[PDB]
Structure formats: structure tokens, C-alpha cells
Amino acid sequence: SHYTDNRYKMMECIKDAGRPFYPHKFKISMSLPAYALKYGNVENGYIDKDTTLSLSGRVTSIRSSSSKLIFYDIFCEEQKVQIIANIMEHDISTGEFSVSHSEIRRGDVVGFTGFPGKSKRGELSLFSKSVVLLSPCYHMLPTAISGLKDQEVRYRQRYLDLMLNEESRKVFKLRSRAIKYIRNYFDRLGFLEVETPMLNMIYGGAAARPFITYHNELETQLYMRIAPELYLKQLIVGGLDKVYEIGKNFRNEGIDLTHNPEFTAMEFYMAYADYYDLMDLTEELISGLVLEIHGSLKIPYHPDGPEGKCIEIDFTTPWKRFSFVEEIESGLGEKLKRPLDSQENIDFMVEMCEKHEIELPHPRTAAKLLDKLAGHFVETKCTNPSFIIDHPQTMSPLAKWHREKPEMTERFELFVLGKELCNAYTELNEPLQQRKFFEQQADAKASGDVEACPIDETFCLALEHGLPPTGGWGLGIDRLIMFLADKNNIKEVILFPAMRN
């Protein structure tokens, strides 16, 4: 790339020649979309010589047809406009025609002034009098993502993706639309949006390993939040009744097609709801959003590339329920031992994992073993949206005991195409039990479970002030957008995803 070097030299040339060098302000008359709305339907060959307008965008094409005529395409805000620059119309106060145009390259951000209309062949055009180089491009660009060095370039240099690929631009617009729809749903129910800390003295609220940091003046270690749950529940103690939060969680684990170290989640807590109420809301909210985007409840998905097969995901309600333990037992052809957290059941579940070639967790806690078994036997049955329900207490330290089922909790997870989208429960509000499950979590952490959380006394003290019967819920926004926008890699739906070295 002599190209980059030579462009730096061209620019120092222009600068030293007293020619326009990175002008501070270019005043457009209207956006390119506005220009196409206003003039896109004029007759072929129409020109309005009584109207002078200024436009700007990035140059996608330059073709000099003759010594007297240059055609540009400029692109901005999803619209292309042709610029026809005829030597006879050039404003010599800006420089000589050939000098002015010799400064421009494909990729440059440029301004033009001229008369509006359409060429004889029917192309929406600006018949220019002047051209201004606003911000040059110092690299030779490809014309499509196909011409990049790797397809990793799309994620390491997202601005290239965005310049070249309409599909990538549509994803981020759909993401905003979906989030707006969600905020509207809850705002109409009378919820209050809140923000709770992302720096925590004690991390909690999920099965996740945290990022650790330190505040120098406070002389204290802090964790990045894994989830907002413990703070949100304190707002229900506080009487706020209906709260939600949409923001980042930080989880220090692996990166793959469905995991980024920071990701966006929504949580809500609703006083007087139970998990049955929450299943119903989940179904209403998500089917409404699918409808809003797709116009029916049966939507396409390409689980391999858009070069692979298309399947259909059916969101018609109500959705299938699978009971966690029973579905495991059906996959095994035999019962788990009771109690589920006894050493007898631990041993059995290790034996089952070996028998079914399921990779063992570390450490081999009852909860982690159950999770591996569910992963293999239950989550794999979840093609259409399906609730896995009634998780064991031993894996659910903040979920309230099941009103009917010994050793289980009033919990669900939503899975779509084998991927977890939501997690929700009737909230545990009984402090003695809450403390005991926190102690069991602390014991698991001490034994090497990097996903187990420490005891949070601040939270136990809050429960002692009385948490009303409450239902809470979380949704992974990024994974939702993967299904709505038909993407199979979370890197498609996050602007600047985490990338290896």
C-alpha cells in the first residue's frame, strides 16, 4: 500500500496548495433520503435550474464519461444519488474543473452543489457546479464484504461492514426497534425503568463467573455485575411494585456463537406475580414482538449459513412445557435418586454422565451434574419455544420452593432451538431458607465452582424487611435478536463483539 502513503502525500499537497483541507462545516440542503423522496418521481430529463442545493455522502463510484463529464454515485443514510458534473456548469471560483475533480477518489466523503433532476436515462441526479473534498479515504475499499481479507474483518473493522453491507445495517435497526417494542410493553403496564449498579461489592444473581476490579480511593475490590437481580428485588421491598432494567451484564467465561463477555439483558420484577403469570406474559410479549416484525408466528431460521437449510420456528401459544427432572428420567429410562443433592444421587449422576458420554462438570456438585443432564436430554428437545420448568432447588438458590413438588422450585427457562432465552421464577422471599441456600452457594464456590456466588448479607437484610410475593424474569436481548433477525452468530447482532488476539 503505496495507496495510503500516496494519499497522505496528496493531502499534504492540497494543504500546502491553499486548497480546501478538511472543511469544518458543510451545510446540506437535505438528506439523500429526503432528496430521493422529493425528486425521485420527476420526469426523465427533468432539471430545475432555479433551485440550487447542496448534498453529501460517501463516493461509491466515479466514472469520467468524457473530457467534459464525470458521473459519481454518492451514498448516505441508505440512499444512492448520482452526481453529473459537466465542465460547462463548473464554478471556477472553486478551482479549475479538472483540478477540483482530480482530488476525489472512490471512498471519499464529499459535498456537491447543483441543480436537481433526472438524467435522460432516468437516474435521480444532482447536476453539479462544485465539489468539495470533506474527508478522504486513505485505503482502497472493496465493493462488497466478499472482497475483504477475512470475514473476521466485518467484526474487527465494523465500520467496513456497515459501509458495504446493507444486511448488517438492518440488524442494528431491528435491534433498536425490538428494544423500543419491549420498553413500550412494560411502560404501558405501569412499570418504572431503573438503573442498578454495574460495580458490585458482592456479585450475585446468576450462575456466572465475574470480572474483578478495584476502586483505588474506596480501597475496595469490586465485581462487574453478572446480573441486576439482588438490587432489583430490593426495589420491590421498597414498594416500587413493577420495575425493569435493560443493560449490560458481564460474565467472565467462554466466547462462542451464543456467548459474548458483555451482553444485554432485560430483567423485570412484578409484585404479586408467580411463575405461571410470568409464563403467560412471556408468551404474550414474545409472540407480540414476533408478530410485529414478521407478520405471523411462524418464522424462518437458517441454523447454518444463509447458504444452509431454512427451518421454521413456530411461536404459536401456548408453548410446550418440559418438567426438568421428569424429562431427564425419561431420557435415562430410570429415576434419579432422592434427595437430589444426596451423595447417592451425585454418584448416580456421575455414573449416568459416563454411561451417556456427557462431559463431567467441575466440581461435581449435584446442581452442575443436573445441568449437564438437562443439557443433554432436555434442552435438545427444545426446537420451538419451550419452557423447561420446575428446576431443582439445589440449582436454583433464589427461586421459591415449588408449592406442590418436593425439592423443586417455581422456575422456568425458555429455550428456542436449544438456546436459553429467558430465566424466571417465583422469587424466594423467606429469609431463613435464603440464607441457607447462599451458604450452600458459598460452599460450592470454596470448593472451586467459579459460577457460585458469595453470601450477600445486604440482600438477606433486605429480605428481612419483607419482600412481597413477587415474580421476576430475565431475557437475553442479543439472543432474541439472533432469532428475530435470523442470525446464527451473536457477533452479527453486537456492534463490536469480543474477538481473539
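When you see a residue number, it is the position in the sequence shown, counting from 1. Only the largest set of C-alpha atoms that superpose within 1.5 Å between the two forms is called the rigid core.
*Asks:* Once the rigid core is matched, which of the two stretches, 260 to 268 or 303 to 311, lies farther off on average in 6 other deposited structures of this protein by C-alpha?
*Replies:* Per-stretch check in 6 other deposited structures of this protein: the more divergent one is 303 to 311.
*Asks:* Between 65 to 73 and 432 to 440, where do the CA atoms move more in 6 other deposited structures of this protein, taking the root mean square over the structures and residues after a core fit?
*Replies:* Per-stretch check in 6 other deposited structures of this protein: the more divergent one is 65 to 73.
*Asks:* Looking at the deposited entry, does 271 to 279 or 338 to 346 carry the larger mean Cα B-factor?
*Replies:* Comparing 271 to 279 with 338 to 346, the higher average CA B-factor belongs to 338 to 346.
*Asks:* Taking the recorded C-alpha temperature factors, which stretch has the higher mean, 395 to 403 or 194 to 202?
*Replies:* Of 194 to 202 and 395 to 403, the stretch with the higher C-alpha B-factor average is 194 to 202.
*Asks:* Which one, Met224, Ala85, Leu414, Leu218, has the peak C-alpha temperature factor per the PDB entry?
*Replies:* Largest recorded C-alpha B-factor: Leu218.
*Asks:* Quiz for you: based on the deposited Cα B-factor, which of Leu232, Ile92, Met266, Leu133 is highest?
*Replies:* Going by the entry's C-alpha B-factors, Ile92 comes out highest.
*Asks:* Taking the entry's C-alpha B-factors for this chain, is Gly45 in the lowest, middle or highest third?
*Replies:* Top third by C-alpha B-factor.
*Asks:* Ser447's Cα B-factor: lowest, middle or highest third of the chain?
*Replies:* Ranked within chain, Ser447 CA B lands in the highest tercile.
*Asks:* Thinking about Cα B factors across the chain, which third does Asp478 belong to?
*Replies:* As the PDB entry reports it, the C-alpha B-factor of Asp478 lands in the lowest third of its chain.
*Asks:* Among all modelled residues of this chain, ranked by Cα B factor, put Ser56 in the bottom, middle or top third, i.e. lowest, middle or highest.
*Replies:* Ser56: CA B-factor falls in the lowest third of its chain.
*Asks:* How does the C-alpha B factor of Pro33 compare with the rest of the chain: lowest, middle or highest third?
*Replies:* Middle third, going by the recorded CA B-factors of the chain.
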